[PDB]
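Okay, so here's just one chain, in structure tokens, the form deposited in one PDB entry.
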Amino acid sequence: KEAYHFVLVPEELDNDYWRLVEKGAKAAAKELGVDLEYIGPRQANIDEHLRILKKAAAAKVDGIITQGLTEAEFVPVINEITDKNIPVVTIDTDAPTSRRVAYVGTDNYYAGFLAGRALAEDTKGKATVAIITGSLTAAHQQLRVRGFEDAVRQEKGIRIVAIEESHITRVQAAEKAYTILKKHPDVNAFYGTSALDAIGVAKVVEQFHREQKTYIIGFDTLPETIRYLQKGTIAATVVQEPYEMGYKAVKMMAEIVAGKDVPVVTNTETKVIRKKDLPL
């Protein structure tokens, strides 16, 4: 009996969030006697991401765990991998129209919906919102935006005046905040859907001395996010369970190759945390 060899491809190797996924994935792998190879782009890059997927598939590994990041490029690659009878578990971002066997990650539509609810609650239903999103093509970003929009649609005192892409860098989130605040000086609320968006926004808001008049809600728990939350510049952030999705993704791949029944979608929890919830 040879050990199962699984590949987990993170969006970015050196990233606090994915290192938490790696920890959970390696904990489950060790617990099951599974060889887990954790490889991806050192810096997020779609083309090296796809290239590492197709390489792992050509190695006849027993299963591949990955984001279904974009419909256009990742659904074909997931299906291509599935056509070699290698099962794919999606993690963090689903591709529900692909032939991936199972998904483990946040309900991204509903993370954004809870963010809309939290913004409406905290602003007492009155806000002029700008949205910073990592990209318009990444499936989880799209869902987080759409969920927020649906949540606030009937909030008569809320209107969304801008949506801008950060390309998941802190510097470009700041850039877009400079552009938005210049163009829409009535903006008193920012919603960021990737891990550095609120952080980039927070810097610009503080530069213009607008923190006391600006509500900021972002995603995840990076150190600068916790700092701005303790300081008051960021009012809230949506917290995921990267360790748990790493752990559950590996355990579910093992169930799949063992022939057991597994659900198609497993959603790890999501929570809107504010300053009062710190420490985590």
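Each form is matched to the other, and the largest set of C-alpha atoms that superpose within 1.5 Å is called the rigid core. Numbering starts at 1 and follows the sequence shown.
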query: 216-224 or 55-63, whichever carries the higher mean Cα B-factor; finding: 55-63
query: Selected stretch [higher average CA B-factor]: 177-185 or 107-115; finding: 177-185
query: Among 238, 253, 235, 39 - the residue whose C-alpha B-factor is largest in the record; finding: 39
query: Residue 259 CA temperature factor, ranked by third within the chain; finding: lowest
query: Chain third (lowest, middle, highest) by recorded CA B-factor, residue given as residue 265; finding: lowest
query: Lowest, middle or highest third - CA B-factor, residue 100; finding: lowest
query: CA B-factor placement of residue 157, once the chain's modelled residues are sorted into thirds; finding: middle
query: B-factor third for the C-alpha atom of residue 146 within its chain; finding: lowest
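The next section is about a form of this same protein that is not shown, the form deposited in another entry.
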{"query": "Core-superposed C-alpha of residue 45 shifting 2 Å or more between the shown form and the other one", "finding": "yes"}
{"query": "Rigid core superposition, residue 30 Cα moves 2 angstroms or more between the shown form and the other one", "finding": "yes"}
{"query": "Core superposition between the shown form and the other one, C-alpha change of residue 13 at least 2 Å", "finding": "yes"}
